[PDB]
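Engineer: If it helps, the file is called protein01.cif and holds mmCIF, N, CA and C atoms and all ligand atoms:
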```
data_run
loop_
_atom_site.label_atom_id
_atom_site.label_comp_id
_atom_site.auth_asym_id
_atom_site.auth_seq_id
_atom_site.Cartn_x
_atom_site.Cartn_y
_atom_site.Cartn_z
N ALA A 1 31.91 87.13 39.42
CA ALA A 1 31.75 86.46 38.13
C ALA A 1 30.33 86.71 37.63
N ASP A 2 30.15 86.64 36.33
CA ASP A 2 28.83 86.79 35.72
C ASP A 2 28.42 85.49 35.08
N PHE A 3 27.14 85.16 35.23
CA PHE A 3 26.53 84.00 34.65
C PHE A 3 25.31 84.41 33.83
N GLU A 4 25.18 83.86 32.62
CA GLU A 4 23.94 84.06 31.88
C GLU A 4 22.93 82.97 32.24
N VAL A 5 21.67 83.40 32.32
CA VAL A 5 20.51 82.50 32.37
C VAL A 5 19.66 82.87 31.16
N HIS A 6 19.44 81.90 30.27
CA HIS A 6 18.66 82.18 29.03
C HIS A 6 17.20 81.94 29.31
N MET A 7 16.37 82.86 28.82
CA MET A 7 14.91 82.75 28.89
C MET A 7 14.42 82.16 27.59
N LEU A 8 13.99 80.91 27.66
CA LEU A 8 13.75 80.10 26.46
C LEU A 8 12.34 79.62 26.36
N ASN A 9 11.86 79.59 25.12
CA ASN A 9 10.58 78.92 24.80
C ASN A 9 10.63 77.43 25.01
N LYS A 10 11.80 76.85 24.80
CA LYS A 10 11.98 75.42 25.08
C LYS A 10 13.49 75.22 25.23
N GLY A 11 13.84 74.27 26.06
CA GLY A 11 15.26 73.98 26.33
C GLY A 11 15.39 72.53 26.73
N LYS A 12 16.49 72.22 27.40
CA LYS A 12 16.91 70.90 27.81
C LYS A 12 15.82 70.26 28.66
N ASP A 13 15.11 71.06 29.45
CA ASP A 13 14.08 70.54 30.34
C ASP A 13 12.66 70.72 29.84
N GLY A 14 12.49 71.05 28.58
CA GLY A 14 11.22 71.12 27.95
C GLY A 14 10.72 72.56 27.73
N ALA A 15 9.40 72.72 27.78
CA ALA A 15 8.76 74.00 27.41
C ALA A 15 8.93 75.06 28.47
N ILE A 16 9.11 76.29 28.02
CA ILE A 16 9.14 77.55 28.79
C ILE A 16 9.97 77.42 30.07
N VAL A 17 11.30 77.58 29.83
CA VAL A 17 12.30 77.33 30.85
C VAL A 17 13.25 78.52 31.00
N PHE A 18 13.77 78.64 32.23
CA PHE A 18 15.05 79.27 32.45
C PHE A 18 16.14 78.25 32.28
N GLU A 19 17.21 78.56 31.53
CA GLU A 19 18.27 77.59 31.34
C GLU A 19 19.59 78.27 31.65
N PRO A 20 20.29 77.87 32.71
CA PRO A 20 19.89 76.81 33.66
C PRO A 20 18.73 77.27 34.54
N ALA A 21 18.03 76.31 35.11
CA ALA A 21 16.94 76.58 36.05
C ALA A 21 17.43 76.54 37.49
N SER A 22 18.65 76.09 37.70
CA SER A 22 19.28 76.08 39.02
C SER A 22 20.69 76.59 38.83
N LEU A 23 21.14 77.46 39.71
CA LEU A 23 22.50 78.02 39.62
C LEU A 23 22.97 78.43 40.99
N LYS A 24 24.18 77.98 41.35
CA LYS A 24 24.81 78.35 42.60
C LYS A 24 25.87 79.41 42.31
N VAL A 25 25.76 80.55 42.97
CA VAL A 25 26.65 81.69 42.79
C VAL A 25 27.18 82.11 44.16
N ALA A 26 28.18 83.00 44.14
CA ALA A 26 28.72 83.64 45.32
C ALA A 26 28.15 85.02 45.48
N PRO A 27 28.14 85.54 46.71
CA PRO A 27 27.77 86.96 46.86
C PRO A 27 28.65 87.78 45.94
N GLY A 28 28.05 88.82 45.35
CA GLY A 28 28.71 89.68 44.44
C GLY A 28 28.77 89.22 43.01
N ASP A 29 28.42 87.97 42.75
CA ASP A 29 28.26 87.51 41.37
C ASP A 29 27.03 88.17 40.77
N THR A 30 27.05 88.26 39.47
CA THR A 30 25.90 88.73 38.72
C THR A 30 25.31 87.58 37.90
N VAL A 31 24.00 87.66 37.70
CA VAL A 31 23.30 86.79 36.76
C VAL A 31 22.64 87.72 35.74
N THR A 32 22.92 87.50 34.47
CA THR A 32 22.34 88.29 33.40
C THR A 32 21.32 87.37 32.70
N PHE A 33 20.06 87.79 32.80
CA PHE A 33 18.92 87.07 32.21
C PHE A 33 18.80 87.57 30.77
N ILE A 34 18.95 86.64 29.85
CA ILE A 34 19.03 86.96 28.43
C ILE A 34 17.71 86.63 27.74
N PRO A 35 17.08 87.60 27.07
CA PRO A 35 15.78 87.39 26.40
C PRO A 35 16.00 86.72 25.04
N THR A 36 16.53 85.49 25.09
CA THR A 36 16.90 84.80 23.87
C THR A 36 15.71 84.57 22.99
N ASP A 37 14.62 84.14 23.59
CA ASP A 37 13.31 84.06 22.93
C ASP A 37 12.45 85.18 23.45
N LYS A 38 11.61 85.76 22.63
CA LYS A 38 10.72 86.85 23.05
C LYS A 38 9.59 86.35 23.94
N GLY A 39 9.16 87.24 24.81
CA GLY A 39 7.94 87.07 25.60
C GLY A 39 8.17 86.77 27.08
N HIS A 40 9.42 86.84 27.56
CA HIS A 40 9.74 86.45 28.90
C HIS A 40 10.26 87.61 29.74
N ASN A 41 10.22 87.38 31.04
CA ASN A 41 10.89 88.27 31.99
C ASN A 41 11.35 87.42 33.18
N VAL A 42 11.93 88.08 34.17
CA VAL A 42 12.29 87.42 35.40
C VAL A 42 11.86 88.27 36.57
N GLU A 43 11.35 87.63 37.62
CA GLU A 43 10.84 88.28 38.82
C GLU A 43 11.10 87.34 39.99
N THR A 44 11.47 87.87 41.14
CA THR A 44 11.51 87.03 42.32
C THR A 44 10.09 86.65 42.73
N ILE A 45 9.96 85.37 43.19
CA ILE A 45 8.66 84.92 43.67
C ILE A 45 8.48 85.46 45.09
N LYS A 46 7.57 86.39 45.35
CA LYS A 46 7.40 86.94 46.68
C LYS A 46 7.25 85.79 47.65
N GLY A 47 7.90 85.82 48.75
CA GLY A 47 8.17 84.92 49.83
C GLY A 47 9.41 84.08 49.66
N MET A 48 10.09 84.20 48.51
CA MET A 48 11.22 83.32 48.16
C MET A 48 12.53 84.05 48.01
N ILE A 49 12.83 85.05 48.86
CA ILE A 49 14.15 85.67 48.86
C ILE A 49 14.67 85.64 50.29
N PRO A 50 15.97 85.68 50.47
CA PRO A 50 16.54 85.63 51.84
C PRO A 50 16.33 86.93 52.62
N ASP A 51 16.57 86.77 53.92
CA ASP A 51 16.45 87.93 54.82
C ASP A 51 17.23 89.11 54.27
N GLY A 52 16.54 90.25 54.16
CA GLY A 52 17.15 91.49 53.80
C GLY A 52 17.46 91.63 52.31
N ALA A 53 17.17 90.65 51.49
CA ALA A 53 17.42 90.75 50.04
C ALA A 53 16.41 91.66 49.38
N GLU A 54 16.82 92.31 48.31
CA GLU A 54 15.93 93.05 47.46
C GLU A 54 15.23 92.13 46.47
N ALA A 55 13.91 92.29 46.36
CA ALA A 55 13.20 91.66 45.28
C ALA A 55 13.56 92.31 43.97
N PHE A 56 13.24 91.66 42.86
CA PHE A 56 13.44 92.29 41.54
C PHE A 56 12.39 91.83 40.57
N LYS A 57 12.14 92.62 39.54
CA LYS A 57 11.19 92.30 38.48
C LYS A 57 11.64 93.00 37.21
N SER A 58 12.04 92.28 36.19
CA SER A 58 12.42 92.86 34.92
C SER A 58 11.20 93.08 34.01
N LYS A 59 11.43 93.83 32.93
CA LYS A 59 10.46 94.00 31.86
C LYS A 59 10.50 92.83 30.88
N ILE A 60 9.39 92.58 30.19
CA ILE A 60 9.37 91.65 29.09
C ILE A 60 10.45 92.04 28.08
N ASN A 61 11.28 91.06 27.72
CA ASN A 61 12.31 91.17 26.69
C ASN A 61 13.51 92.03 27.12
N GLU A 62 13.63 92.38 28.38
CA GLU A 62 14.78 93.13 28.88
C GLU A 62 15.96 92.22 29.17
N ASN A 63 17.14 92.58 28.69
CA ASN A 63 18.42 91.99 29.13
C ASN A 63 18.71 92.52 30.51
N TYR A 64 18.68 91.69 31.53
CA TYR A 64 18.54 92.13 32.90
C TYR A 64 19.64 91.53 33.77
N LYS A 65 20.53 92.39 34.28
CA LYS A 65 21.65 91.95 35.09
C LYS A 65 21.36 92.21 36.57
N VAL A 66 21.37 91.16 37.37
CA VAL A 66 21.14 91.22 38.82
C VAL A 66 22.42 90.93 39.55
N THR A 67 22.74 91.74 40.57
CA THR A 67 23.86 91.43 41.45
C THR A 67 23.29 90.77 42.70
N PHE A 68 23.68 89.54 42.99
CA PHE A 68 23.18 88.79 44.14
C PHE A 68 24.15 88.98 45.28
N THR A 69 23.61 89.36 46.44
CA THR A 69 24.48 89.54 47.61
C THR A 69 24.01 88.70 48.78
N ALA A 70 22.83 88.88 49.27
CA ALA A 70 22.46 88.20 50.50
C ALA A 70 22.47 86.68 50.30
N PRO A 71 23.17 85.91 51.12
CA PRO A 71 23.12 84.46 50.97
C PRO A 71 21.72 83.88 51.17
N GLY A 72 21.46 82.82 50.46
CA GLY A 72 20.23 82.04 50.60
C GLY A 72 19.71 81.63 49.21
N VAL A 73 18.50 81.12 49.20
CA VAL A 73 17.88 80.75 47.93
C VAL A 73 16.93 81.84 47.46
N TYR A 74 16.88 82.04 46.16
CA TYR A 74 16.04 82.98 45.47
C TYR A 74 15.20 82.21 44.46
N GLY A 75 13.90 82.13 44.73
CA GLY A 75 12.98 81.56 43.71
C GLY A 75 12.65 82.65 42.72
N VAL A 76 12.78 82.31 41.42
CA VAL A 76 12.45 83.28 40.34
C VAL A 76 11.42 82.65 39.43
N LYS A 77 10.68 83.55 38.78
CA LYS A 77 9.65 83.17 37.82
C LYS A 77 9.69 84.12 36.63
N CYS A 78 9.12 83.64 35.53
CA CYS A 78 8.72 84.49 34.42
C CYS A 78 7.23 84.78 34.65
N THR A 79 6.86 86.06 34.72
CA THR A 79 5.50 86.40 35.07
C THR A 79 4.51 85.80 34.11
N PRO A 80 4.61 85.98 32.81
CA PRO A 80 3.58 85.37 31.98
C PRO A 80 3.53 83.84 31.92
N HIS A 81 4.56 83.13 32.37
CA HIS A 81 4.65 81.70 32.19
C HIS A 81 4.81 80.98 33.53
N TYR A 82 4.58 81.69 34.63
CA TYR A 82 4.80 81.15 35.96
C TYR A 82 4.02 79.88 36.19
N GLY A 83 2.72 79.95 36.01
CA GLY A 83 1.88 78.82 36.39
C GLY A 83 2.14 77.57 35.58
N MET A 84 2.62 77.73 34.35
CA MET A 84 2.93 76.50 33.59
C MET A 84 4.40 76.13 33.60
N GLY A 85 5.13 76.73 34.56
CA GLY A 85 6.39 76.11 34.94
C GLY A 85 7.64 76.90 34.67
N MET A 86 7.55 78.17 34.23
CA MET A 86 8.79 78.88 33.91
C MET A 86 9.31 79.55 35.19
N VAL A 87 10.11 78.77 35.93
CA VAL A 87 10.63 79.13 37.25
C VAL A 87 12.05 78.58 37.39
N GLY A 88 12.77 79.09 38.37
CA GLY A 88 14.12 78.60 38.66
C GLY A 88 14.52 79.03 40.06
N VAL A 89 15.73 78.62 40.43
CA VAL A 89 16.29 78.98 41.74
C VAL A 89 17.76 79.37 41.55
N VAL A 90 18.09 80.57 42.08
CA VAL A 90 19.48 80.98 42.24
C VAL A 90 19.84 80.82 43.70
N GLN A 91 20.88 80.09 44.01
CA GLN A 91 21.35 79.93 45.37
C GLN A 91 22.66 80.71 45.55
N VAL A 92 22.70 81.58 46.57
CA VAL A 92 23.90 82.31 46.93
C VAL A 92 24.48 81.65 48.16
N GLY A 93 25.66 81.10 48.03
CA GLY A 93 26.32 80.42 49.11
C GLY A 93 25.80 79.05 49.46
N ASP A 94 26.22 78.53 50.63
CA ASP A 94 25.97 77.19 51.06
C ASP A 94 24.89 77.21 52.11
N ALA A 95 24.26 76.07 52.37
CA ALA A 95 23.38 75.87 53.50
C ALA A 95 22.34 76.96 53.57
N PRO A 96 21.55 77.17 52.51
CA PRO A 96 20.69 78.38 52.52
C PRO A 96 19.73 78.41 53.69
N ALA A 97 19.68 79.53 54.39
CA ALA A 97 18.95 79.67 55.64
C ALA A 97 17.47 79.82 55.46
N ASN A 98 16.99 80.24 54.27
CA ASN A 98 15.60 80.42 54.00
C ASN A 98 14.99 79.23 53.24
N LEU A 99 15.69 78.09 53.25
CA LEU A 99 15.23 76.95 52.49
C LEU A 99 13.81 76.54 52.87
N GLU A 100 13.46 76.44 54.15
CA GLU A 100 12.16 75.88 54.52
C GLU A 100 11.05 76.84 54.10
N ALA A 101 11.29 78.17 54.16
CA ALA A 101 10.29 79.10 53.67
C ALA A 101 9.98 78.89 52.21
N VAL A 102 11.03 78.67 51.42
CA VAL A 102 10.87 78.45 49.98
C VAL A 102 10.16 77.15 49.74
N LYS A 103 10.60 76.08 50.40
CA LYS A 103 9.97 74.80 50.20
C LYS A 103 8.50 74.75 50.59
N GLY A 104 8.14 75.52 51.60
CA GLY A 104 6.80 75.39 52.10
C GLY A 104 5.78 76.13 51.32
N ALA A 105 6.16 76.99 50.41
CA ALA A 105 5.21 77.83 49.71
C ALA A 105 4.41 77.01 48.70
N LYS A 106 3.15 77.35 48.48
CA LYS A 106 2.30 76.73 47.46
C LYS A 106 2.55 77.38 46.11
N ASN A 107 2.55 76.58 45.07
CA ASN A 107 2.67 77.03 43.70
C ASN A 107 1.79 76.12 42.85
N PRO A 108 1.41 76.55 41.64
CA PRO A 108 0.78 75.62 40.67
C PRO A 108 1.72 74.45 40.42
N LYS A 109 1.18 73.30 40.12
CA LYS A 109 1.89 72.04 39.97
C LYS A 109 3.13 72.17 39.12
N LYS A 110 2.99 72.73 37.91
CA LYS A 110 4.13 72.69 37.01
C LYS A 110 5.26 73.55 37.51
N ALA A 111 4.94 74.68 38.13
CA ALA A 111 5.92 75.52 38.81
C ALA A 111 6.53 74.79 40.00
N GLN A 112 5.70 74.14 40.81
CA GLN A 112 6.24 73.44 41.98
C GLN A 112 7.23 72.38 41.57
N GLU A 113 6.90 71.57 40.56
CA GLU A 113 7.79 70.48 40.15
C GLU A 113 9.14 71.02 39.74
N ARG A 114 9.11 72.13 39.00
CA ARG A 114 10.37 72.72 38.49
C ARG A 114 11.15 73.38 39.63
N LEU A 115 10.53 74.05 40.57
CA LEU A 115 11.19 74.60 41.76
C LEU A 115 11.83 73.49 42.59
N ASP A 116 11.06 72.42 42.79
CA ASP A 116 11.57 71.33 43.60
C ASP A 116 12.78 70.67 42.91
N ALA A 117 12.71 70.50 41.61
CA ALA A 117 13.81 69.91 40.86
C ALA A 117 15.04 70.80 40.97
N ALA A 118 14.87 72.13 40.87
CA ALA A 118 16.00 73.06 40.97
C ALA A 118 16.60 73.00 42.37
N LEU A 119 15.76 73.02 43.41
CA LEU A 119 16.28 72.92 44.76
C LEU A 119 17.07 71.66 44.97
N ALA A 120 16.59 70.53 44.42
CA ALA A 120 17.25 69.24 44.54
C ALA A 120 18.57 69.26 43.78
N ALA A 121 18.59 69.87 42.60
CA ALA A 121 19.80 69.97 41.77
C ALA A 121 20.90 70.70 42.52
N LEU A 122 20.50 71.65 43.38
CA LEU A 122 21.40 72.47 44.19
C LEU A 122 21.83 71.77 45.47
N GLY A 123 21.37 70.56 45.72
CA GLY A 123 21.79 69.75 46.87
C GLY A 123 20.91 69.94 48.09
N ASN A 124 19.76 70.55 47.95
CA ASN A 124 18.84 70.78 49.05
C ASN A 124 17.73 69.72 49.12
CU CU B 201 8.39 83.19 30.03
#
```
Could I get this file's structure written as structure tokens?

Structural biologist:
Amino acid sequence: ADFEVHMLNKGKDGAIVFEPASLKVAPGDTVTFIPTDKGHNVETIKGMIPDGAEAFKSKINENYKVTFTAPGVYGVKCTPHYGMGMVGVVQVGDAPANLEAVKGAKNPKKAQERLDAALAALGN
């Protein structure tokens, strides 16, 4: 199945968001990051992908389709808006095995709050 994640200047959760900011998918699902508002991209947060997963980094304003396979949690960011909170989490499968690695990482406050909220939304 394919899911869109919109890259927004503002959304349901306020300024500079991925919407949704949390999404649970199955292996083989795709997530298409939509540049609905200009100036955004999506990138995995280094240290926040599961064992053996490929990192990814899109271009600014690129419509970017990712196929998620390895189970676990994937922390994502928008590079230009990372520190002020434009982050999210894609979870592949149940009981993500890399959860503690993701939780333990340091981030700027606004990014951390949004990562933590996404992890909690996903039942972690
Ligand atoms: Cu952005």

Engineer: When you count only N, CA and C atoms and all ligand atoms, which of these residues is closest to ligand CU 201 (chain B): A:31, A:16, A:118, A:23?

Structural biologist: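 Checking each of A:31, A:16, A:118, A:23 against ligand CU 201 (chain B), counting only N, CA and C atoms and all ligand atoms, the winner is A:16.
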
Engineer: Quick one: of A:26, A:73, A:97, A:21, who's nearest to residue 114 in chain A, counting only N, CA and C atoms?

Structural biologist: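 Using only N, CA and C atoms, the shortest distance to residue 114 in chain A belongs to A:21.
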
Engineer: Enumerate as a PyMOL selection string the residues within 6.5 Å of ligand CU 201 (chain B), counting all atoms listed in the file.

Structural biologist: chain A and resi 8+16-17+39-41+78-82+86

Engineer: Show me, as a PyMOL selection string, the residues that have an atom within 8 Å of residue 51 in chain A when counting all atoms listed in the file, minus same-chain residues fewer than 2 positions from it.

Structural biologist: chain A and resi 48-49+53-54+70-73+97-98

Engineer: Dump N, CA and C atoms for the selected residues as a compact mmCIF listing (two decimals), in the coordinates of the input?

Structural biologist:
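Listing of again_25.txt after writing:
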```txt
# COMPACT_ATOMS: atom_id res chain seq x y z
N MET A 48 10.09 84.20 48.51
CA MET A 48 11.22 83.32 48.16
C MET A 48 12.53 84.05 48.01
N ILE A 49 12.83 85.05 48.86
CA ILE A 49 14.15 85.67 48.86
C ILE A 49 14.67 85.64 50.29
N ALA A 53 17.17 90.65 51.49
CA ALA A 53 17.42 90.75 50.04
C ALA A 53 16.41 91.66 49.38
N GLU A 54 16.82 92.31 48.31
CA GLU A 54 15.93 93.05 47.46
C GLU A 54 15.23 92.13 46.47
N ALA A 70 22.83 88.88 49.27
CA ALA A 70 22.46 88.20 50.50
C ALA A 70 22.47 86.68 50.30
N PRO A 71 23.17 85.91 51.12
CA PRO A 71 23.12 84.46 50.97
C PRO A 71 21.72 83.88 51.17
N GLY A 72 21.46 82.82 50.46
CA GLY A 72 20.23 82.04 50.60
C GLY A 72 19.71 81.63 49.21
N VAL A 73 18.50 81.12 49.20
CA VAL A 73 17.88 80.75 47.93
C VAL A 73 16.93 81.84 47.46
N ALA A 97 19.68 79.53 54.39
CA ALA A 97 18.95 79.67 55.64
C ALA A 97 17.47 79.82 55.46
N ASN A 98 16.99 80.24 54.27
CA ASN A 98 15.60 80.42 54.00
C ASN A 98 14.99 79.23 53.24
```

Engineer: Could you work out how far CA of residue 102 in chain A lies from atom C of residue 36 in chain A, giving the answer in Å with one decimal?

Structural biologist: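 Going from atom C of residue 36 in chain A over to CA of residue 102 in chain A covers 28.1 Å.
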
Engineer: Could you tell me which of A:115, A:87, A:76, A:7 comes closest to residue 46 in chain A if we count all atoms listed in the file?

Structural biologist: A:76

Engineer: Name the closest residue to residue 64 in chain A among the candidates A:32, A:112, A:107, A:124; distances are taken between atoms, counting all atoms listed in the file.

Structural biologist: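 Checking each of A:32, A:112, A:107, A:124 against residue 64 in chain A, counting all atoms listed in the file, the winner is A:32.
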
Engineer: Can you work out the spacing between CA of residue 14 in chain A and atom N of residue 96 in chain A in Å, to one decimal?

Structural biologist: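 Going from CA of residue 14 in chain A over to atom N of residue 96 in chain A, I get 27.3 Å.
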
Engineer: Suppose you want the space between atom C of residue 42 in chain A and CA of residue 56 in chain A; what is it in Å?

Structural biologist: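 Interatomic distance here is 6.6 Å.
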
Engineer: With all atoms of range 112-121 of chain A from the file as input, state the centre and edge lengths in Å to one decimal of the axis-aligned box that has 5 Å extra on each side, as JSON.

Structural biologist:
```
{"center_x": 13.3, "center_y": 71.9, "center_z": 41.7, "size_x": 25.2, "size_y": 15.4, "size_z": 16.5}
```

Engineer: Can you work out which one of A:122, A:84, A:90, A:13 has the shortest atom-to-atom distance to residue 108 in chain A, counting all atoms listed in the file?

Structural biologist: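 Using all atoms listed in the file, residue 108 in chain A sits closest to A:84.
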